[PDB]
Structure formats: C-alpha cells, structure tokens
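Asker: start.pdb (PDB, C-alpha atoms) pasted underneath:
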```pdb
ATOM      1  CA  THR A  29     -38.272 193.219  55.197
ATOM      2  CA  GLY A  30     -41.605 191.411  55.518
ATOM      3  CA  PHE A  31     -41.501 188.131  53.628
ATOM      4  CA  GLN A  32     -45.241 187.810  54.221
ATOM      5  CA  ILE A  33     -45.982 189.536  50.907
ATOM      6  CA  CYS A  34     -44.752 186.755  48.671
ATOM      7  CA  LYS A  35     -45.165 183.972  51.170
ATOM      8  CA  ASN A  36     -48.723 185.105  50.483
ATOM      9  CA  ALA A  37     -48.243 185.394  46.721
ATOM     10  CA  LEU A  38     -46.760 181.914  46.310
ATOM     11  CA  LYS A  39     -47.728 179.500  49.036
ATOM     12  CA  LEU A  40     -44.367 178.086  50.003
ATOM     13  CA  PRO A  41     -43.007 178.255  53.559
ATOM     14  CA  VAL A  42     -39.936 180.317  54.283
ATOM     15  CA  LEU A  43     -36.754 178.478  55.168
ATOM     16  CA  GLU A  44     -36.090 178.589  58.886
ATOM     17  CA  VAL A  45     -32.320 178.402  59.096
ATOM     18  CA  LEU A  46     -30.588 181.497  57.804
ATOM     19  CA  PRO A  47     -26.922 182.452  57.818
ATOM     20  CA  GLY A  48     -27.061 186.209  58.067
ATOM     21  CA  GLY A  49     -27.104 186.285  61.837
ATOM     22  CA  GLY A  50     -24.568 186.908  64.562
ATOM     23  CA  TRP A  51     -23.488 184.078  66.797
ATOM     24  CA  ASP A  52     -21.846 183.987  70.217
ATOM     25  CA  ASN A  53     -18.954 181.545  70.051
ATOM     26  CA  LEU A  54     -18.478 181.448  73.820
ATOM     27  CA  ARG A  55     -22.022 180.839  75.046
ATOM     28  CA  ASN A  56     -22.500 178.946  71.756
ATOM     29  CA  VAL A  57     -25.947 180.326  70.824
ATOM     30  CA  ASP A  58     -27.368 182.529  68.053
ATOM     31  CA  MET A  59     -27.460 186.233  68.843
ATOM     32  CA  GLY A  60     -29.085 188.426  66.205
ATOM     33  CA  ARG A  61     -29.207 189.696  62.661
ATOM     34  CA  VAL A  62     -26.016 191.048  61.176
ATOM     35  CA  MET A  63     -26.368 190.726  57.412
ATOM     36  CA  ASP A  64     -29.770 192.073  56.457
ATOM     37  CA  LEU A  65     -32.278 189.713  54.859
ATOM     38  CA  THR A  66     -34.761 191.279  52.475
TER      39      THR A  66
ATOM     40  CA  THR B 117     -49.596  91.971 119.835
ATOM     41  CA  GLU B 118     -50.130  89.290 122.498
ATOM     42  CA  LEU B 119     -51.401  85.711 122.916
ATOM     43  CA  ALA B 120     -51.153  82.630 125.120
ATOM     44  CA  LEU B 121     -53.089  79.497 126.018
ATOM     45  CA  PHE B 122     -52.112  79.314 129.715
ATOM     46  CA  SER B 123     -52.084  82.712 131.456
ATOM     47  CA  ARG B 124     -51.403  85.731 129.198
ATOM     48  CA  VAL B 125     -53.520  86.264 126.064
ATOM     49  CA  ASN B 126     -54.176  89.912 125.196
ATOM     50  CA  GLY B 127     -54.292  92.384 122.337
ATOM     51  CA  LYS B 128     -52.865  95.866 121.800
ATOM     52  CA  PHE B 129     -52.323  98.366 118.972
ATOM     53  CA  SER B 130     -51.222 101.807 120.198
ATOM     54  CA  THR B 131     -51.033 103.187 116.675
ATOM     55  CA  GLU B 132     -50.177 106.869 116.271
ATOM     56  CA  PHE B 133     -49.884 109.463 113.513
ATOM     57  CA  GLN B 134     -48.412 112.964 113.544
ATOM     58  CA  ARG B 135     -48.479 115.059 110.373
ATOM     59  CA  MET B 136     -47.773 118.781 110.056
ATOM     60  CA  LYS B 137     -48.006 120.314 106.583
ATOM     61  CA  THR B 138     -46.962 123.961 106.397
ATOM     62  CA  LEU B 139     -46.817 126.017 103.213
ATOM     63  CA  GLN B 140     -45.543 129.571 102.905
ATOM     64  CA  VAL B 141     -45.943 131.238  99.539
ATOM     65  CA  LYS B 142     -44.617 134.797  99.427
ATOM     66  CA  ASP B 143     -44.920 136.875  96.250
ATOM     67  CA  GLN B 144     -43.765 140.475  95.814
ATOM     68  CA  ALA B 145     -44.127 142.328  92.514
ATOM     69  CA  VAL B 146     -42.710 145.824  92.060
ATOM     70  CA  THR B 147     -43.026 148.079  89.014
ATOM     71  CA  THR B 148     -41.630 151.586  88.636
ATOM     72  CA  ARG B 149     -41.842 153.648  85.450
ATOM     73  CA  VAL B 150     -40.490 157.164  84.930
ATOM     74  CA  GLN B 151     -40.519 158.918  81.591
ATOM     75  CA  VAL B 152     -40.027 162.553  80.674
ATOM     76  CA  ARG B 153     -40.482 164.634  77.509
ATOM     77  CA  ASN B 154     -38.971 167.971  76.484
ATOM     78  CA  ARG B 155     -39.360 170.356  73.572
ATOM     79  CA  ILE B 156     -37.904 173.775  72.911
ATOM     80  CA  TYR B 157     -38.345 176.443  70.220
ATOM     81  CA  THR B 158     -36.563 179.562  71.347
ATOM     82  CA  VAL B 159     -37.319 183.285  71.127
ATOM     83  CA  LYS B 160     -35.151 186.372  71.568
ATOM     84  CA  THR B 161     -35.978 190.051  71.887
ATOM     85  CA  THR B 162     -34.698 192.158  69.036
ATOM     86  CA  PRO B 163     -31.598 194.173  69.970
ATOM     87  CA  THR B 164     -33.255 197.456  68.978
ATOM     88  CA  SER B 165     -36.631 197.432  70.690
ATOM     89  CA  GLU B 166     -37.853 200.217  72.948
TER      90      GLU B 166
END
```
So, in terms of structure tokens, how does the structure I just supplied come out?
Answerer:
Amino acid sequence: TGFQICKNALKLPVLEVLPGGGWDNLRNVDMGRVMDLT
Amino acid sequence: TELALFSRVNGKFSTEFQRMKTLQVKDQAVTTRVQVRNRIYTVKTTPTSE
C-alpha cells in the first residue's frame, strides 16, 4: 500500500484529502482508515 | 507727579511691574502591540501498532 513506487515513477504529489477513513461524529475529528487505499 | 512755585515742587514715579509666566507641557505616549501565530498539522498513531 506504498504509493511511493509511482510517486517515484511519475513525479506528481499524492492528494492529501482522502475519503476512505473513519470519522468520529461526536468529537468531530478523523479517526483512521476504514476503506483500504491501494 | 508734583510741582509748585511757592512751597511744594517735587517729583515721583513709583512704577512697578509684576509678571509671572508659567508653562506646563505634559506629553504621554503609550503603545502596546500583541500578536500571535498558530499552525497545526496533525498526526495519529495507527490503530494496529505494537
């Protein structure tokens, strides 16, 4: 799950915001991966 | 003043002057700056580390 391979192949920077990640609605803050991102 | 031709011819001038000049300048500057910066870029520990 290391994007470094093709971030190295083609020189673009990876997007920072990503949806596949849990989120606490009470504390209102991101929590952790849920949907895997390859 | 005074004069006469018989008994009383004199002269007088008791001139006087009183002056008192007082100044009082009073200046008071005051400056006060406060300014504060903040940045964050957060970091969490993975839920499966050992």
Asker: With a cut-off of 9 Å, could you pull out the residues of chain A touching chain B and give me the nearest pair of atoms for each, distance in Å to one decimal, using all atoms listed in the file, ordered by chain and ascending number, as a tab-separated table?
Answerer:
```
residue	atom	partner	partner_atom	distance
A:59	CA	B:160	CA	8.2
A:60	CA	B:162	CA	7.3
A:61	CA	B:162	CA	8.8
```
Asker: Would you mind listing what lies within 10 Å of residue A:58 as a PDB file with C-alpha atoms, in the frame of the given file, with only C-alpha atoms counted and same-chain residues fewer than 6 positions away left out?
Answerer:
```pdb
ATOM      1  CA  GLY A  49     -27.104 186.285  61.837  1.00  0.00           C
ATOM      2  CA  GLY A  50     -24.568 186.908  64.562  1.00  0.00           C
ATOM      3  CA  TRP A  51     -23.488 184.078  66.797  1.00  0.00           C
ATOM      4  CA  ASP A  52     -21.846 183.987  70.217  1.00  0.00           C
TER       5      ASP A  52
ATOM      6  CA  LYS B 160     -35.151 186.372  71.568  1.00  0.00           C
TER       7      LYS B 160
END
```
Asker: By how many Å are atom CA of residue A:34 and atom CA of residue B:158 apart?
Answerer: 25.2 Å
Asker: What are the centre and the three edge lengths of an axis-aligned box that wraps all atoms of stretch 142-151 of chain B in the file, given that 8 Å is added to every side, written as lines of an AutoDock Vina configuration file and rounded to one decimal in Å?
Answerer:
```
center_x = -42.7
center_y = 146.9
center_z = 90.5
size_x = 20.4
size_y = 40.1
size_z = 33.8
```
Asker: Tell me which residues the PyMOL selection byres ((chain A and resi 64) around 10) grabs here, as a list in words.
Answerer: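 On this input, the PyMOL selection byres ((chain A and resi 64) around 10) captures residues 29, 48, 49, 61, 62, 63, 65 and 66 of chain A.
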Asker: So that I can see what lies close to stretch 40-44 of chain A, please list as a ChimeraX atom specification the residues with an atom at most 12 Å from it, counting all atoms listed in the file and leaving out residues fewer than 4 positions away in the same chain.
Answerer: /A:30-36,48 /B:157
Asker: Output the residue selection produced by the PyMOL selection byres ((chain B and resi 128-144) around 12) on the file above, formatted as a list in words.
Answerer: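 This file gives the following for the PyMOL selection byres ((chain B and resi 128-144) around 12): residues 117, 118, 119, 125, 126, 127, 145, 146 and 147 of chain B.
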Asker: Would you work out the distance separating atom CA of residue A:45 from atom CA of residue B:165, expressed in Å to one decimal?
Answerer: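 Here the two named atoms are 22.7 Å from each other.
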Asker: What gap, in Å, lies between atom CA of residue A:55 and atom CA of residue B:155?
Answerer: 20.3 Å
Asker: Need a file for chain A from that block: C-alpha atoms, written as a PDB file, in the first residue's frame.
Answerer:
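Everything below was put into result-v5.pdb:
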```pdb
ATOM      1  CA  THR A  29       0.000   0.000   0.000  1.00  0.00           C
ATOM      2  CA  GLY A  30       3.055   2.205  -0.535  1.00  0.00           C
ATOM      3  CA  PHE A  31       2.274   4.938  -3.038  1.00  0.00           C
ATOM      4  CA  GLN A  32       5.972   5.812  -3.053  1.00  0.00           C
ATOM      5  CA  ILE A  33       6.580   3.478  -6.001  1.00  0.00           C
ATOM      6  CA  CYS A  34       4.725   5.520  -8.577  1.00  0.00           C
ATOM      7  CA  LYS A  35       5.010   8.825  -6.801  1.00  0.00           C
ATOM      8  CA  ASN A  36       8.595   7.983  -7.725  1.00  0.00           C
ATOM      9  CA  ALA A  37       7.747   6.797 -11.238  1.00  0.00           C
ATOM     10  CA  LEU A  38       5.745   9.899 -12.159  1.00  0.00           C
ATOM     11  CA  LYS A  39       6.654  12.962 -10.163  1.00  0.00           C
ATOM     12  CA  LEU A  40       3.253  14.161  -9.055  1.00  0.00           C
ATOM     13  CA  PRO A  41       2.335  14.647  -5.388  1.00  0.00           C
ATOM     14  CA  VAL A  42      -0.311  12.463  -3.826  1.00  0.00           C
ATOM     15  CA  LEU A  43      -3.604  14.076  -2.911  1.00  0.00           C
ATOM     16  CA  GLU A  44      -3.830  14.734   0.803  1.00  0.00           C
ATOM     17  CA  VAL A  45      -7.541  14.528   1.494  1.00  0.00           C
ATOM     18  CA  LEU A  46      -8.945  11.043   1.136  1.00  0.00           C
ATOM     19  CA  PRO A  47     -12.412   9.700   1.861  1.00  0.00           C
ATOM     20  CA  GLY A  48     -11.711   6.139   2.872  1.00  0.00           C
ATOM     21  CA  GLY A  49     -11.239   6.924   6.529  1.00  0.00           C
ATOM     22  CA  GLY A  50     -13.342   6.646   9.652  1.00  0.00           C
ATOM     23  CA  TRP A  51     -14.561   9.766  11.371  1.00  0.00           C
ATOM     24  CA  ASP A  52     -15.809  10.440  14.891  1.00  0.00           C
ATOM     25  CA  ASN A  53     -19.021  12.431  14.621  1.00  0.00           C
ATOM     26  CA  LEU A  54     -19.085  13.323  18.314  1.00  0.00           C
ATOM     27  CA  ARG A  55     -15.551  14.598  18.878  1.00  0.00           C
ATOM     28  CA  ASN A  56     -15.716  15.739  15.230  1.00  0.00           C
ATOM     29  CA  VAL A  57     -12.232  14.589  14.137  1.00  0.00           C
ATOM     30  CA  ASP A  58     -10.827  11.995  11.720  1.00  0.00           C
ATOM     31  CA  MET A  59     -10.119   8.602  13.249  1.00  0.00           C
ATOM     32  CA  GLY A  60      -8.500   6.070  10.929  1.00  0.00           C
ATOM     33  CA  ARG A  61      -8.591   4.053   7.749  1.00  0.00           C
ATOM     34  CA  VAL A  62     -11.701   2.042   7.042  1.00  0.00           C
ATOM     35  CA  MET A  63     -11.818   1.542   3.283  1.00  0.00           C
ATOM     36  CA  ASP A  64      -8.386   0.415   2.166  1.00  0.00           C
ATOM     37  CA  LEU A  65      -6.434   2.624  -0.226  1.00  0.00           C
ATOM     38  CA  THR A  66      -4.033   0.856  -2.551  1.00  0.00           C
TER      39      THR A  66
END
```
